[PDB]
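See structure below.
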Ligand SMILES: [Mg+2]
Ligand SMILES: [Mg+2]
Ligand SMILES: [Zn+2]
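Residue numbers (our numbering), protein chains in the order written: chain A, 3 to 307; chain B, 16 to 169; chain C, 10 to 303; chain D, 98 to 263; chain E, 71 to 180; chain F, 11 to 60; chain G, 270 to 418.
Have a look at this one:
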């Protein structure tokens, strides 16, 4: 009848033992999935036109300036992919939709703060619980066996991706901050009217139209940015350098996938399909994958023609 | 919008906020244990923590003397800080104070708290203690620890 | 021979007949001055009824906090069952799970769970098969699981329970916990217990050795629902005390040629010491390993 | 005024034959003229309604409302005379049956307003009533299950007749 | 703005007796292991905290009486001594406070 | 508005009627026995020896 | 109104009249004042009619109590336990006789709204209608759009 937490009845000699025990198990579980191509992988099919592959979940680290051989400066958001895995696969018929779906998670968190149903679901999967889970629409040939890890090498430089995340919340806000209303003049007789919405509707209808711009909560909603290209990829730290800014605050989880813009369709011909497998790769990728236009930090200073 | 704002708006303003914290700190120095509203105790805790760090610098350091002069309204406490508190915590690098929650005061049902310097001469507070190692849950986990310990060494 | 459904009926009738006899020989109403010795509310004196009142009744006199928390009663320094009637005026102390040294409480809980798990053994198997329990080893708490010694029919020589069979045992125990049967104790003469368990050779051996070590030659019998077992030492008041229950696995002792011994094992945790799902999972893995006494 | 609650403790039932079961003990207690709002005190009375005496005391001890301590003393003295004068064996074997608040006698004072206006303020007083019944609190009514909905719907369908005919 | 019509008691009951308007039952109440009085899990026990303050007040009263004047804070450590007690081997050069009482059981001597 | 309660009650028992009065309370019986009689020990056995 | 008044179905007492008719009136009690203008109609009624009424109805017991009163009353009891009390305050003789005769014919049931002007325990002799009453049966009773074997 009383609530409880994991370390409520633990003595002083037991708390460190439990903390390291779960930590060791979590690391062991994560390291056991480092060879997906040897643990009976699902069949791999060649890329075909009209095929959609799975995406990624990353953490927003920050931004740095980036220059090109042309001489222009572009800002890039640091998206780091950590502990990203495929959880479960749902076929097209089961998911009663036009395309099959795939479940992906990332950013493993403590097991002591998860529901019983979620904990047992991860127990059979043999992976630590993830913070967020996203669903990606894929085709039949793009199926990936559950438990397969994913890395930032799944994308390549010169590829346009889409990022979706919850925006920075701002709480209850007025019309000026929320909808950019012009407000009222601050002087010349104005009485208690400097940020008021003013008229909300016409008098004849005798009501307020639904969807009217009114003061209320702002942010903490899911927004997606389209047409963002990848300038650089760091193989060692699994970091993607997406162009421009992305929604969400620092250290927030952002779902990444291939761009849906019509002008960017049929561009996954050379991209890894269904994903990149470092264990089964014949060669080792370089430390950093740059763009053709990106000037390397170690390259000599650019002299224009 | 208050993101990253690590200072509470208390008192009549920034000047009053410092003065209120200073008075609480002075009483904490003199009496070694005071009770105050929970929010004010938490805010003052950081200033109390840093006082010993300035006290450890030595009285001959002119920066610490000026800081102690401002933050101690009663001048008799400055010799105490530089010759009692600082020598007591010379081996301790942090956590000089412990803060606990006490039942709300009857005047206005405000959230009350008590903050005191460790190693005081006052009678000990009824500090909350974790479960004993002899209980059923602890014994079962202890047995798991031993069996796991014997498994890895063999 | 006698069917199991009638064996329980006569054993219950004998238990009721003995309980009535103990009440009958007791006089009508006598007052015993029971003094409360403890760190909480000291100096309280309880004037209760001999062989009628219980340490639980004294607990209700103070508050429900004692009733809910006190798992064991300490009479004159020796452990006492919560529902066991008092026989004389004496000092009383109550013990909880979260005490400085809850060694007796843990041991009482350990034996209490053995009987509950031992009880569902008879009801689990088919009516055609025969099940005869041996005894309840006093396995230490630190072993990680409590064990009970059972012997099965000659048909199940190579039969080993699967996951579903162990799941069914847990479901029956949880229903037993759900029914919330209080633990009833009765101190009886050795000869009376012998005729109660005359159909079990192992229980007869257990009764005769318990009487041998006891100068008065009397043994204590505990009853849950319609089930009566010979247990040594006080138990917890009711079956609702335990919250998390599970039987770990089944192990076969050696040698098996003279007699087949099956050591069923399980682990439990009460409501007051509820654990997280992850922590409980590790305890289940540890409890599955076989354990033997020193 | 009316003071029927106090007289409810003076009614005596005839002795019971052994055939009929035990009549549970009941105690009527009330405190009059409390400087509190009856609406505000209603929330505390409803909160501890139906719970055990000792559980109610624990809930009332840590409540920040002023009326909480008033009821706490009322419950405490109600438990005292129950064991002492009402043949109650166990003082913890009691549960709250009914707890409610009633409007007491109130004064009328003038509250000054601007422009020479005024408003009639009222110094609210209220009573608190409580009845304690010996025995464990009754179990709460379980939620009505889906099968209960199923049989009830069947009963309505089976209870319909041909109307406006023979 | 003024109300247009009088609100009925049926509407008022639906608002005043709303579930969120009711007082929520507290499930963080437990008995103190030492004195047996009720306390919260995250809050110090009222009985034990108050008895420490009274002893602290008595010692502080002895502090001021031996002090005998403001702005005279000692530059040495302080140790309180009860009846039938002597200075310890490590208790040297520190201000001694004499309490005309027996040392409490909970007041463990260092 | 100035209306208040009639709370003028002073605690009053029944101890002494006003003095210097010819009328006084008439007593029908004494408070206690004039001389205490100590029952001899063993009177229960004397009951058998009727 | 009907929504504010309880109703009942049309019925009799023990199927009265099925084999024989049993008079439902069982007892009559009359209160008459010797002096007083309010009892004059009641007084003259019993001088000339209560004798003839008694002979007409032998199964009904009539009690005539003469006590001081301001409102003469008559109380009628039936075998079902229903009790009816009617005042005789200042009425004539030809109208009390009609009033008294009316109580004799009454069955004693509550005079409230009757839901149905008819009642029968066997509304049908050929069977009540059911959805399959006018439904033909096909060969082997095959359901629509299904095949067998
Ligand atoms: Mg925010
Ligand atoms: Mg004026
Ligand atoms: Zn305490």
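All C-beta atoms, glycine included, are put in the ideal place defined by N, C-alpha and C.
Open item on the list: Using a Cβ-Cβ distance cut-off of 8 Å, determine whether residue 389 of chain G contacts chain D.
Closed with: At least one chain D Cβ lies under 8 Å of residue 389 of chain G.
TODO: Return yes when the C-beta of residue 200 of chain C is under 7 Å from any heavy atom of ligand 3, and no when it is not.
DONE: Checking the 7 Å criterion, the Cβ of residue 200 of chain C is out of range of every heavy atom belonging to ligand 3.
Open item on the list: Quick check: does the Cβ of residue 213 of chain D come within less than 7 Å of any heavy atom belonging to ligand 2?
Closed with: Correct: residue 213 of chain D has its Cβ closer than 7 Å to ligand 2.
Task: Whole-angstrom distance between residue 130 of chain E and residue 123 of chain E, CA atom to CA atom - done: One C-alpha to the other measures close to 10 Å.
TODO: Verify the contact flag: residue 149 of chain A, CB atom, against every heavy atom of ligand 1, threshold strictly below 7 Å.
DONE: Judged by the Cβ position, residue 149 of chain A fails to qualify as a neighbour of ligand 1 at the 7 Å threshold, every heavy atom of the ligand being at least this far.
Open item on the list: What does the Cβ neighbour count give for residue 64 of chain C, buried or exposed, with the cut at 16 atoms within 10 Å?
Closed with: Residue 64 of chain C comes out buried.
Open item on the list: Let's see if you can read the secondary structure: which residues bound the alpha helix (DSSP H) around residue 151 of chain D?
Closed with: Note, residue 151 of chain D: alpha helix (DSSP H), 150 to 158.
TODO: Compare the C-alpha of residue 162 of chain C against each of C/116, C/282 and C/136 and name the closest.
DONE: With distances taken between Cα atoms, residue 162 of chain C lies closest to C/136.
Task: Alpha-carbon to alpha-carbon, residue 92 of chain B and residue 59 of chain B - done: Approximately 18 Å, taken between the alpha carbons.
Open item on the list: Give me the subset of the region 60 to 71 of chain C whose CB atoms are less than 9 Å from a CB atom of chain D, sorted by chain position.
Closed with: Within the region 60 to 71 of chain C, the qualifying residues are 66, 68, 69, 70 and 71.
Task: Between the CA atoms of residue 117 of chain B and residue 128 of chain B - distance to the nearest angstrom - done: Cα to Cα, the separation comes out at about 5 Å.
Task: For ligand 3, residues whose Cβ lies under 7 Å from any non-hydrogen atom - done: Put simply, the residues with a CB less than 7 Å from any heavy atom of ligand 3 are B/141, E/102, E/104, E/105, E/107, E/109, E/115, E/117 and E/118, in chain order.
TODO: Return yes when the C-beta of residue 18 of chain B is under 7 Å from any heavy atom of ligand 1, and no when it is not.
DONE: Placement of the Cβ of residue 18 of chain B at a distance of less than 7 Å from at least one heavy atom of ligand 1 is found.
Open item on the list: Going by DSSP, what residue range makes up the alpha helix (DSSP H) through residue 163 of chain D?
Closed with: Under the DSSP assignment, residue 163 of chain D falls in the alpha helix (DSSP H) whose first and last residues are 163 to 182.
Open item on the list: So that I know if they touch, is there some Cβ in chain B lying closer than 8 Å to that of residue 280 of chain C?
Closed with: Residue 280 of chain C does not count as touching chain B.
Open item on the list: What would DSSP say about residue 194 of chain C, mapped onto helix, strand or coil?
Closed with: Reduced to three states, the DSSP call for residue 194 of chain C is strand.
Open item on the list: If you follow the beta strand (DSSP E) that residue 78 of chain A is in, where does it begin and where does it stop?
Closed with: Segment 75 to 82, the beta strand (DSSP E) holding residue 78 of chain A.
Open item on the list: On a Cα-Cα basis, can you pick out the residue from B/44, B/29 and B/27 that is closest to residue 141 of chain E?
Closed with: Per the Cα distances, B/44.
Open item on the list: Any beta carbon from chain A within less than 8 Å of residue 180 of chain E's own beta carbon?
Closed with: No, because no Cβ of chain A sits closer than 8 Å to the Cβ of residue 180 of chain E.
TODO: Below 6 Å CB to CB, which residues in the same chain sit around residue 32 of chain B once its five sequence neighbours on both sides are set aside?
DONE: These residues qualify, in order along the chain: 25 and 26.
Task: Listed by chain order, chain D residues near residue 21 of chain F by CB distance under 7 Å - done: Going along chain D, no residue has its Cβ under 7 Å from residue 21 of chain F, so there is no contact; the nearest lies around 17 Å.
- [ ] Indicate the three-state DSSP secondary structure (helix, strand or coil) for residue 226 of chain A in the structure shown.
- [x] In this structure, residue 226 of chain A counts as strand in the three-state DSSP scheme.
Task: Cβ-based burial, residue 114 of chain D [other Cβ within 10 Å; buried from 16] - done: It counts as exposed.
Open item on the list: Between residue 56 of chain B and chain E, is any beta-carbon pair separated by less than 8 Å?
Closed with: Judged by the 8 Å Cβ criterion, residue 56 of chain B is not in contact with chain E.
TODO: Go ahead and label residue 92 of chain C buried or exposed: buried means 16 or more other beta carbons lie within 10 angstroms of its beta carbon, across all protein chains shown.
DONE: Residue 92 of chain C is buried by the Cβ-count criterion.
Open item on the list: Which residues in chain C have a C-beta closer than 9 Å to the C-beta of residue 104 of chain E? List them in chain order.
Closed with: By Cβ distance, chain C contributes 48 and 49.
TODO: Mark residue 156 of chain A as exposed unless 16 or more other C-beta atoms lie within 10 angstroms of its C-beta, in which case mark it buried.
DONE: Buried.
Open item on the list: Strictly below 7 Å CB to CB, what residues from chain D border residue 30 of chain F?
Closed with: Per Cβ cutoff of 7 Å: no residues; residue 30 of chain F is ~39 Å from chain D at best.
Open item on the list: Quick check: is any heavy atom of ligand 1 less than 7 Å from the C-beta of residue 62 of chain A?
Closed with: For ligand 1, no non-hydrogen atom lies closer than 7 Å to the CB of residue 62 of chain A.
Task: Whole-angstrom C-beta distance between residue 153 of chain B and residue 146 of chain B, which should lie under 8 Å - done: About 6 Å separates the Cβ atoms of residue 146 of chain B and residue 153 of chain B, confirming a contact at the 8 Å cut-off.
Open item on the list: If you follow the beta strand (DSSP E) that residue 131 of chain B is in, where does it begin and where does it stop?
Closed with: 127 to 132 is the extent of the beta strand (DSSP E) around residue 131 of chain B.
Task: Cross-chain neighbours of residue 291 of chain C in chain B, by beta carbon under 8 Å - done: Here the neighbours are 159.
Task: Where the region 374 to 402 of chain G meets chain D: residues whose CB sits under 7 Å from a CB there - done: Contact residues of the region 374 to 402 of chain G toward chain D are 387, 389 and 392 (C-beta to C-beta distance below 7 Å).
Open item on the list: Using DSSP's beta-bridge definition, name the partner residues of residue 98 of chain E.
Closed with: Answer is none; residue 98 of chain E lacks a bridge partner.
Open item on the list: Between the alpha carbons of residue 287 of chain A and residue 234 of chain A, how many angstroms are there, rounded?
Closed with: The straight-line gap from Cα to Cα measures roughly 13 Å.
- [ ] Select from D/191, D/240 and D/260 the residue whose C-alpha is nearest the C-alpha of residue 230 of chain D.
- [x] Distance from the Cα of residue 230 of chain D is smallest, within the candidate group D/191, D/240 and D/260, for D/191.
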